[PDB]
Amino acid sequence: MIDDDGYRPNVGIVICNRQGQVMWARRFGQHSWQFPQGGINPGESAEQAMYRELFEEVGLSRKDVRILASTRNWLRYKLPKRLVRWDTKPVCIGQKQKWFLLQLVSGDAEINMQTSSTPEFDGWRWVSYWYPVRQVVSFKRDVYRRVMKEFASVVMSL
């Protein structure tokens, strides 16, 4: 599932509302927060796997969200050394991501924090626009910067 450079393909999702906030999710068990991001199975389309983890970890069918923009390219980040598993090969060094931006055209109630018996997230809340760039783990941070940048103009439309 890894490519030749070590990166495994993933999709990230940034759900916003008309008021200009985005949805910030608490990771399961812990009290660390981050955006939804999930693995693209073999033979998945980018958009496919996106809607996949959207439903699994949010409980949102395509009727509830309106696609607003994806990124042009794949964005890469490298895990730090202490979290690299060198012995399980091929060795995953980091992730290459494609990010999509949705608008919630439904209500703040179909947000099923745990649909499956395997909930990767406890709760959620709404946050201002540039808040995640500070809060996300340090190695994720450049990716988040580029993402929120490319998305910011589009989100600044009412």
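Numbering starts at 1 and runs along the sequence shown.
**Q** Using only C-alpha atoms and the B-factors in the entry, which stretch averages higher, 3 to 11 or 149 to 157?
**A** That would be 3 to 11.
**Q** For the C-alpha atoms alone, is the average B factor greater in 22 to 30 or in 111 to 119, going by the entry?
**A** Per the deposited B-factors, the answer is 111 to 119.
**Q** In this PDB entry, which of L102, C92, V58, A46 has the top CA B-factor?
**A** When the deposited C-alpha B-factors of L102, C92, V58, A46 are compared, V58 is largest.
**Q** Please place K78 in the lowest, middle or highest third of its chain according to the CA B-factor in the PDB entry.
**A** Bottom third by C-alpha B-factor.
**Q** Ranking the modelled residues of this chain by C-alpha B-factor as given in the entry, is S106 in the lowest, middle or highest third?
**A** It falls in the top third of the chain.
**Q** What third of its chain, lowest, middle or highest, does the C-alpha temperature factor of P42 fall into?
**A** Highest third of the chain for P42's C-alpha B-factor.
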